[PDB]
DNA sequence: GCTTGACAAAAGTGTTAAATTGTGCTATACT
Ligand SMILES: C/C(=C\[C@H](C)CCCCC(=O)O)[C@@H]1O[C@@H]2C=C[C@@H]1OC(=O)\C=C/C=C\C=C\[C@H]1O[C@@H]3C[C@H]1O[C@@H](/C=C/C[C@H]1O[C@H](C[C@H](O)[C@H]1C)[C@@H](O)[C@@H](O)/C=C/CC/C=C/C2)[C@@H]3C
Ligand SMILES: [Zn+2]
């Protein structure tokens, strides 16, 4: 609604949305634009504000001068894509008698992010106090950046004071007195290492959107406050021991010039809602009594928050307190805050699917949230498309201008999630400004599509969907509905070393021609090649010192005439348990000038992609906090199927015990079937009493129609059952679901029907980042740490499991002294033990007696270093030492 | 010069989140023994012992001394010829024939796997 | 390395005890040469005291094979033994 | 209360002189290693910088003693030497702890000994072990109470040494090395050997 | 079956020329 190319999604809203959702990406842009002092901010502030606004840097010099004025900012060095490729920082140098260059100044992208050393970072706004809730200030990105500059400038003046005294007068200039090192090093020290500077969490467009807008609460204390209404979302916060500290901004929240959050309010006068929406900060909120969103307004015109308590001005709409992620949970008013918080967190944990299907039963934020995330292509100017190709799209605006958009194709995200843009328009299509041209990763036709719509049955199925487990139809594997691409990045470097310079070459010391069969002439894996666990990606060789080889090896050298090569082998193989195809290779050489850290000669990185079928063990979840692994996947044949023969996709047990409820899930399941089969109230002699509250538009709806039930203002119980009554039959006209949302399913194995009618429907489930391929670990032998000889998780893999202190307690409880000793010695710290055990295992001999764990030996050394003379006394052997 | 200027980092630092593990814990000890190799190496010594049996008594000793399999230190042709009391060229001739005998398929096919 | 010891006792380590433990006084606050990257002599990491870096290899190299063990190189002063001793041997510092 | 400390020295043989050190032991290098990190950078323990402060101040003291310097300078050095050994043993126990770049307190021998994740409590008690693995769990309603479902790949790498010997006893692979690659590449002939 | 004298390469060894490295020093007055 109100968007040009918005798809048709009917809404059950009984209240109009008076104010359009603000650009929910503004919290980051306004602060940085105020910082740099862009003309757009001056033009926007001057119109309705002070006529002499001062930019963040302009204000910093104003207070610092006299000891500097008129700072300059040249155009950006390289483009965002060019920065992420070359691993450089998206910055624009700034300048300031003697002219001075202060340093490369980082810049904020259109998505409200920064490129610091080739990575896309996001600065989190901090909420600090300027006691009471309203006393919170909330530093915006631009402001807390300026404060870091203050430290740089001030300590820069501390250096100039010392320099001018020792230096001869008139023999010094601003360039000689100014050592900007603490200034440039202050900003570089912020965007990196700083706790508020974070890598943008982007496995789905919503995750990155909520990463921005998210704020810190501290600069009891975790509990929500009445003031947080319409400002900070109380339903969104980490589950870990950080609850309350972290919170995402509300939908309509707007920040004032200082940083004090403002909330949209429509002042109510004489019992009639006034369209005048004004900013009322936390303090200004108590001045006028605030009315409740859901209010009985009859036709044209027509429980409130007290100044300091609970139960003048009217709310702009519901969900003011709710955030974007929270506002996307259908039937939010029914789920408990715990599951709602869980639901929001898991929504941003979804992964982009190859197909990306939009939710059949959704709310309202999908469209707005997608286009505002920045991961969807929007048309800047109304016009018509000139060319539509998988690579780019061009639009011939009526104005005559000519804009083009290059599409991200199989671009690896920050955590290996593939971001692929799809064009949704054709050649002759006439598109309006602000319309959607291409779909992002988790979007379809402009609205977020974080999951898929599946046929569900809520019956316990022979214990395979037990507790929180789930069973899926093999169709989800055959039809690639839950298949998601995952890209991995590997890197290797060739630099100068102590005794030689590394050389990445194809020739490997001891290898067969088959293992090198898939390498190119330089030694890097050829594009499009399939790589299994252990295969070589890049062949690197580094100098090895004095060989001093073993004679038993030299003899075979002469026998087979293989000259003992000069240096050692250092090839980059694929990590254990990984596999896929090679997408691209990036080679950065030294002969080719380029720009690599001192000593580095050549730098190449290989990108490997994987098409992950939805596998048993993966973690699925809905928008209501319900989560569970895939316990089994039956063939489509033996699966509870409707009378149509239409098998169900997933079988979910009744997780919600009484009181626990999880009611919201049941509602969208029924609506899911309604939206999938359409309906028709069959109005005869009026319309039923339940549809009276309904607006005309939802009376008749075809099959597969998408529905929107905004959080608090959504479909209601009565209206539901009515839609249950109306259900268009399938081919042949048989009915599959009754007014109770149940159906008689046939057990695909026995062939006999299930005695009782089972609840079936369509629920929107998500595929979460927790994946089996990434979490399965096994280790027989592997690398060991240097300091402590304990099994170390090699960077390839093979990391050993930790046998913590508590597990030892359980082992002692059983009385299994030998198993415990085995774990803490030959399986870990026994330098000569683990080798003789492996030896004994291969021969088939008895396992030898454990030795002394290296940890204990290190302990005695630590004691002696502390001047504690410890002696392991024998019963009759006096002193003893390890050695 | 820019390589010399770089200063070291602290192993006792905490790269893992919330002190989960210090940086030093992730350092491999590449010099540590490899169990599988110490066994293969032991099997290789045993397999060469048999191969040495096929050669002449003196011929097997020459191969040992030339590569130092017995005492761990190789010997030049003169030194090897000094223990057998012959010219250093004679030892060169004898050794070459040993290698030819060693490259025979019967004696050599078994050791290819040991690369 | 019998794995069966009856007792385990502590006690204040005297200056003599410390001197007896040590394999030589570390005289310099040096670690490794910034170029060769090898342990500096008389300082921390000094192979002459703590132990060699490579198995049965002295610092200079006049002794490299496993043939001779338990001896010390008359040039660099490094005992030819396993590199593990680098983890069992201690030094000491005589305080002024 | 004081008699306990006095009687302890009498009932034992420890000379109370041990409380004042004339020589300081130096921990082996491998326990305070300095290795070059992956990526060309160097890493080293804090003990090396703590020993350095001690050996530096100690040497400077010999210099001052031999230079016949005033007692203010010499005494100032002994005080500095005293504090360097204190930092080496239990840094921070007295006064502000010695901090390196970034203002972080250096890890002394005391901290190295103890700590939740330190070598005293659980780093010594709780250690990592070979022949292990993990993965997400799923219900196994058809299993017997004494049974468990193990992913083939996990059971393979877990029993790798075992299957290696079996498929060598059987004339599938001719030597150990031949059996290793046979398991690593997951040739279909091992599965029957695995069960 | 082994040795000879040629010849060469490789390994040393003594003699020198860079270069690397350690120490001393800088005088308005300065606490
Ligand atoms: C705990 C914390 C940050 C953690 C690293 C992540 C927050 C964990 C909460 C949770 O996800 O449940 C606090 O962060 C700031 C200052 C103090 C705290 O730092 C702390 O106490 C600890 C670390 C603070 C900054 C660390 C920066 C660098 O450490 C790594 C690299 C650098 O950035 C970090 C990236 C963080 C992005 C996270 O984003 C979240 C999901 C994942 O937890 C991460 C992808 C998204 O859900 C996103 O919407 C949530 C962002 C958290 C907003 C908090 C701002 C205050 C990454 C872990
Ligand atoms: Zn030597």
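Chain C uses Swiss-Prot numbers throughout; the residues present, in order, are 3-98.
Cβ coordinates come from backbone N, Cα and C, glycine included.
According to Swiss-Prot, the feature Zn(2+) 1 binding site maps to C:60, C:62, C:75, C:78.
Here the features listed in Swiss-Prot are placed on the structure.
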| residue | record | Cβ neighbours (10 Å) |
| --- | --- | --- |
| C:60 | Zn(2+) 1 binding site | 23 |
| C:62 | Zn(2+) 1 binding site | 13 |
| C:75 | Zn(2+) 1 binding site | 20 |
| C:78 | Zn(2+) 1 binding site | 16 |
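Taking the centre of the Cβ atoms of C:60, C:62, C:75, C:78 as the Zn(2+) 1 site, the nearby residues of that chain (Cβ within 8 Å, site residues left out) are C:61, C:63, C:64, C:65, C:76, C:77, C:79, C:80.
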